[PDB]
Every structure is written in C-alpha cells, then in structure tokens.
Amino acid sequence: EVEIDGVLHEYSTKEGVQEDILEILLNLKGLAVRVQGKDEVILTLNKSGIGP
DNA sequence: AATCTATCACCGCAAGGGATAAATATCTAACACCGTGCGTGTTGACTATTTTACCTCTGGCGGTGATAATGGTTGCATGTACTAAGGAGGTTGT
C-alpha cells in the first residue's frame, strides 16, 4: 500500500514531476526488498530538488 | 576489490537408522577314485574303392512323314485440348 503528497486520486497532476503523476504507477507494485521480522513494515520516499 | 549485516537458511552437532562383516553353518562342486564301453591296435577276409577292360545303357541330334488337306486373319491406337505444320488446288491476284 502507498500514501503520496499529491495522488489523492489517479487523475491528478504535479507541475515539476515528469510522470506528471500517473506514470509514477510504474515501480510500486515493482519495488521489492527483504525484511528480518514481522509481516508489516514501512518506508518513506522523499526526493527534493532536480533528479530521479 | 575490498567491507559487512542481516538474509534465507546450513550447519550446529543430537540422535538413530542401515549396514556389512564377522562367525557360524549350510550348501554345492571339484575331484579322485572306479567301472564301463568305445573307437586303442593289427590282422585278416571280405566285397565291391577305384581303375581298365569289355559288352552292350542312355541320350546325343539329325533327319524329315504324303488318300488328301492350296482367299488369310485381326480387333479395338482413339474419341479430349490444345495448335503448329504440311498438304491440297482453284484462283485472284503478286
């Protein structure tokens, strides 16, 4: 599951992104990992300024 | 290209299963003996191994019959689709 600073619905937009917003739905269902422990964990993802 | 933390797990290291090999006991087989009978030997009489001789098989092949017999057989090449060539001959032209 995921919670994002603009995707309150998929038909939305973010002037400064290049996906606008909808082509972010590409690597979430796509990122995978391993985990030591119990069956619920959390990350955040927090890019600031120009880049990937 | 070295570092490790933090995976999914192999090792960390207790248990226990099968194995095989020892000892025993059974099996069979290898042999040495014996007895049988056959293929151990020379000799001898047989009869039919081979040869040649003779008397007389089998099959080599050469030879050709006569009351007369004197107009014959032969069946389906192909039925389509083409069209290129040669053949015909009268004539209206070259």
# chains A, B, ... in the order shown; residues from 1 in each chain; ligands from 1
call {"tool": "interface_residues", "arguments": {"of": "chain A", "to": "chain B", "cutoff": "10 Å", "atoms": "only C-alpha atoms (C1' of nucleotides)", "output": "PyMOL selection string"}}
result
chain A and resi 34-36
call {"tool": "closest_residue", "arguments": {"among": "A:2, A:50, A:32, A:43", "to": "residue A:18", "atoms": "only C-alpha atoms"}}
result
A:50
call {"tool": "closest_residue", "arguments": {"among": "A:44, A:39, A:7, A:51", "to": "residue A:24", "atoms": "only C-alpha atoms"}}
result
A:7
